[PDB]
Amino acid sequence: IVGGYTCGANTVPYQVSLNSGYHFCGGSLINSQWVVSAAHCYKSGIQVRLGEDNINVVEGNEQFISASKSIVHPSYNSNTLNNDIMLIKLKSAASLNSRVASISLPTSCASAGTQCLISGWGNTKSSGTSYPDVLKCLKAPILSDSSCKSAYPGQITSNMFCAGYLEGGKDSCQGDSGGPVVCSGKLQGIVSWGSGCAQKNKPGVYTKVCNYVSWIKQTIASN
Ligand SMILES: [Ca+2]
Ligand SMILES: [Mg+2]
């Protein structure tokens, strides 16, 4: 996350770190047995880490649970990143508490202008590499599809939205992939892609979760 701030330990209790020997993607806990992340984060051998703040120091509120199964969206296209969403079931149920909580799925899509919260352990420089060990946060508004489509002609589908600042300066970056974009108490997006980080007229692009609620509910209940 570039230009954001330190969230504070466990202030984003639904935030997950996917680890395959190191942190490689974020995710969101939607209930004790399931996590939603990005399909481009798919890997075999994932351990889900809950209640994290510093990812290199066991501070006491973590739960590390292995994944039993992963389900990438049936229509994920890794070339365009359309339908960039995946579900991860935990081998054991998490123990929800103040530090480990789930986030709600949306009932309707959010409007442009709505302020959201983006969080992750990704790169914090736009031009450089500095990976933080504690969770960083960024409040950013959803942009109009018009400004999103002008920035990326022929690349945005109805399953994507942009959030950020066209002036640049604040944005998600690598290491944030798969993490949450929460607006008004609901999980509305997933960090998917963008052009570099915090560049001018290049906002980050997010998976539009409100379009996958029936698929998520149907899939988790049948698995
Ligand atoms: Ca830790
Ligand atoms: Mg993240």
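Start at 1 with the first residue, then count along the sequence.
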With a 4.5 Å cut-off on side-chain heavy-atom distances among I, L, V, M, F, W and Y, is there a chain of contacts connecting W34 to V16? no
Disulfide bond (SG atoms under 2.5 Å apart) partners of residues 100-129, not counting sequence neighbours, each pair once: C109-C210, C116-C183
Polar contact flag, side-chain donor to acceptor under 3.5 angstrom, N77-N82: no
Below 4.5 Å, heavy atoms only, C-beta onward: do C162 and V205 meet side chain to side chain? yes
Can you see which heavy atom on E62 is nearest to which on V58, and at what distance? OE2-CA, 3.2 Å
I156 and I190: same hydrophobic cluster, using ILVMFWY side-chain contacts below 4.5 Å? no
Nearest atoms (heavy-atom pairs only) where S28 meets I103: CB-CG2, 4.0 Å
Tell me, which pairs form a side chain to side chain donor-acceptor pair (under 3.5 Å) where one or both residues lie in residues 103-130, sequence neighbours left out? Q15-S119
Sub-3.5 Å donor-acceptor pair from the side chain of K202 to the main-chain atoms of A151, do we have one? yes
Between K170 and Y165, is NZ or CZ placed under 6.0 angstrom from the six-membered ring centre and within 45° of the ring axis? yes
Between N97 and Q63, does a side-chain contact (heavy atoms from CB on, under 4.5 Å) hold up when you go through it step by step? CA-CA 11 Å; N97 57 54; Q63 294 181 47; 3.8 Å; yes
Heavy atoms from other residues, nucleotides or ligands near OH of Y42 exceed 12 (cutoff 6.0 Å): no
Linked, directly or transitively: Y131 and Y22 (ILVMFWY side chains, under 4.5 Å): no
So, do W193 and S177 sit near enough that their side-chain heavy atoms are less than 4.5 Å apart? no
With distance as the sole criterion, is a donor-acceptor pair present between the side chains of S172 and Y206 under 3.5 Å? yes
What are the two closest heavy atoms between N83 and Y212, and how far apart are they? OD1-OH, 2.6 Å
Same cluster or not: are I220 and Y76 linked, directly or through other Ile, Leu, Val, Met, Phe, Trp or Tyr residues, by side-chain heavy atoms under 4.5 angstrom apart? no
Could you walk me through whether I85 and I216 pass the side-chain contact (heavy atoms from CB on, under 4.5 Å) test, one step at a time? CA-CA 10 Å; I85 181 171; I216 292 169; 4.0 Å; yes
Minimum heavy-atom distance between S17 and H23, given as atom pair plus value: OG-ND1, 2.7 Å
N/O donor-acceptor pair under 3.5 Å between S37 side chain and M86 backbone: no
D171 vs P203 side-chain heavy atoms within contact, under 4.5 Å: no
What verdict does the side-chain contact (heavy atoms from CB on, under 4.5 Å) test give for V191 and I118, after you've listed the backbone C-alpha separation in whole Å, the side-chain angles of each residue and the deciding distance to 0.1 Å? CA-CA 8 Å; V191 187; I118 305 179; 4.3 Å; yes
How long is the straight-line distance from CG of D133 back to CG of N56, given to the nearest 0.5 Å? 4.5 Å
Below 4.5 Å, heavy atoms only, C-beta onward: do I71 and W215 meet side chain to side chain? yes
Spell out, yes or no, whether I30 and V12 are grouped together once hydrophobic residues are joined by side-chain heavy atoms under 4.5 Å, including indirect joins. yes
Regarding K89 and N223, is there a side-chain donor-to-acceptor distance under 3.5 Å anywhere? no
Any heavy-atom pair between the side chains of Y14 and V182 that's under 4.5 Å? yes
Taking all non-hydrogen atoms of both residues, which atom of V100 and which atom of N61 are closest, and how far apart? CG2-O, 4.3 Å
A side-chain contact here means heavy atoms from C-beta on lying under 4.5 Å apart; do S70 and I88 qualify? yes
Any disulfide bond (SG atoms under 2.5 Å apart) pairs touching residues 22-79, not counting sequence neighbours? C25-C41
Does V209 reach the side chain of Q188, with side-chain heavy atoms less than 4.5 Å apart? no
Heavy atoms, side chains only, cut-off 4.5 Å: are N159 and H73 in contact? no
Search all heavy atoms of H40 against all heavy atoms of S192 and return the closest pair with its distance. CE1-O, 2.9 Å
